[PDB]
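A short write-up of the structure that comes next.
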Protein chains: 2
Amino acid sequence: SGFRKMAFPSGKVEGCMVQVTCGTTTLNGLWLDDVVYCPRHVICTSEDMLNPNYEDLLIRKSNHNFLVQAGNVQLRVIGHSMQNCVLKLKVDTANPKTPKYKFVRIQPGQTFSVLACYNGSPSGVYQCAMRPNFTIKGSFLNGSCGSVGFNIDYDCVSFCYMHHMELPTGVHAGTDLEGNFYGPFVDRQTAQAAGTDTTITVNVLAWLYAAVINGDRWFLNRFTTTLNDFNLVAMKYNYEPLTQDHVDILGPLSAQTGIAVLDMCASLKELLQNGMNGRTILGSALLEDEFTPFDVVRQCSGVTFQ
Amino acid sequence: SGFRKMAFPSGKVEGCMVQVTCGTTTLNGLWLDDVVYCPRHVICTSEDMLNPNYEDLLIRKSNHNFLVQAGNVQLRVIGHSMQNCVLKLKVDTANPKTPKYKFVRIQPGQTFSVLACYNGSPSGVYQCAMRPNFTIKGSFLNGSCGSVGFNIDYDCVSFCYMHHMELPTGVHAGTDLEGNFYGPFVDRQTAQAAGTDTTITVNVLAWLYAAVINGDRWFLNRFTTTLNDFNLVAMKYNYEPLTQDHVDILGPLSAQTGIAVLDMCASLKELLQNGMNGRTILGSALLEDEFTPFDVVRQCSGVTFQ
Ligand SMILES: *c1nonc1-c1n[nH]c(-c2nonc2[N+](=O)[O-])n1
Ligand SMILES: *c1nonc1-c1n[nH]c(-c2nonc2[N+](=O)[O-])n1
């Protein structure tokens, strides 16, 4: 037993991380087959990024302007093109460590693992949830541009995030591997800011089920409530409305614990209304919303990857 | 910025994980050069482990009794020996993916990354602290025997933990890679239990410095206190005494923030005495003690590994 925020093993992604240098700018790139993917911001200069014209900036580039380093081996760039906010550098060498992979965009409320990287060298790995306002609460220092987020599903790496920048509140914004931002952000210097967030209700319920599975039961009660009566309490406390689809997603956990979804909603209602009165749940004094139903089933049942 | 519980990238360890099978028992092993290290409990049977005699159990074994599987390749065992609670299976093939490594024992209060594994297949990676009572608050399901804990330091993997078992309170116990238990536990079925824990005071102070670096300042104050006057408050709340050596360890963080160690002790004193009054620190409503000064400097400055 035990419940921990757990990232996927990062080896398959570590073997794809490279360093991309253009001019005086260095960031991380992702080397899969004979293409290196990185943020197009690598072609920007000190003045450029306020209203940079990336089309103009790219046409002024040559393949030799791009220095791509995979460990202590330099990769030769033979083509360059841009897809939205990502740059694609075609190289003369296919990555022999290319895992089976997909480019998938995730939904708000979903989780992924981040491999923090600097100068193409991986630094640490941690789990993030995509917030409802399309930011993530990460840990990124200067040089982390291009670090990727991913999930692993059997042996296939589904890449879903490439890091770009930090917003004024300290949260982080980036794109999918097609170069399309998550959220209303741009790869320009503006006073852009996150905008209002909400709590991911179904994940909180999933986490309460995780807690029951792990022996934390003090918050349970005999009461129930209706899905409509819960959702009226959810709005006062800035929780997302609950759907029958989310009730359906919680079915397996509800059956394994024998606690009806609607009963756990009653417990969440009292927790929101009364607080926790000095007690903790899975070592937390706060209701945690960064674990999906899948994450809970994964860790409270235990599948491994190859 | 941002502060996250962050594990080391796990690739170098993933490439060492194998499956060891003896009889009807299967667990994880660690393949380095031509040796596979695993818990000696793999040679135990249903009846054996109450007062098993491992010396007797091992002499009754042959090399062919040990099935070692590295992915979809079977390794041939050519020698076996026991070192304390670990089994060493010499195999005819040196692991071509062997990283530079060390076997190091850690201290209570120190952190490491755990690569959770099942049937030789890595599942997830997360950070753990060695508690003062020599347990860890992990996430392990059946089949996780032999999963290893480690730190990485430049390119060298320092292995410090091999997982054995779960105690009645849901916490976890294991050994170092020499097979010596952390704490007063044995690899026998007994009613052994964890015994009293305490909070790692220097880590809490490190985390408060992390919070200040990341813009959380509401808990700061003008007051100071003496090291002796702090330690008297620390005992009431079951915190470890503070040492000048811990003050010395906190020197760099104190200088970077300009907050004297003794002033942050004053802040911790008020937090313990008053609680947090509905506010949070680095997203937590509890004082967190599972980050070392090194962990904070790592993430609030940003070194990468190769
Ligand atoms: C790194 N990788 O992709 N984009 C980046 C990046 N670094 N800085 C920015 C940026 N975009 O808009 N404002 C900023 N900034 O303030 O650094 N993007
Ligand atoms: C797995 N790897 O190393 N040791 C193990 C293990 N599995 N079960 C035990 C054990 N030792 O004492 N009691 C138990 N038990 O209750 O399972 N060790």
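Here, residue 1 is simply the first one shown, and the rest follow in order.
Structure determined by X-ray crystallography, 1.6 Å.
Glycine residues also receive a Cβ, built from the backbone N, Cα and C atoms like all the rest.
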Among A:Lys90, A:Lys236, A:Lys269, residue that the record in Swiss-Prot marks as ubiquitin cross-link: A:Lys90
Candidate with the highest Cβ count within 10 Å, taken from the recorded sites A:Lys5, A:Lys90: A:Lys5
From A:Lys5, A:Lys90, A:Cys145, the recorded positions whose CA lies within 10 Å of that of A:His41 (active site, for 3CL-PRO activity): A:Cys145
Nearest-integer angstrom distance between the alpha carbons (Cα) of A:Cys145 (active site, nucleophile) and A:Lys90 (ubiquitin cross-link): 19
Chain B neighbours, filtered from recorded positions A:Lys5, A:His41, A:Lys90, A:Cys145, Cβ-Cβ distance under 8 Å: A:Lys5
DSSP state at A:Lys90 (ubiquitin cross-link), helix/strand/coil: strand
Separation of alpha carbons, A:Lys90 (ubiquitin cross-link) and A:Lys5 (ubiquitin cross-link) (Å): 36
Neighbourhood of ligand 1 - recorded positions from A:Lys5, A:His41, A:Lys90, A:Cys145 with Cβ under 6 Å: A:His41, A:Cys145
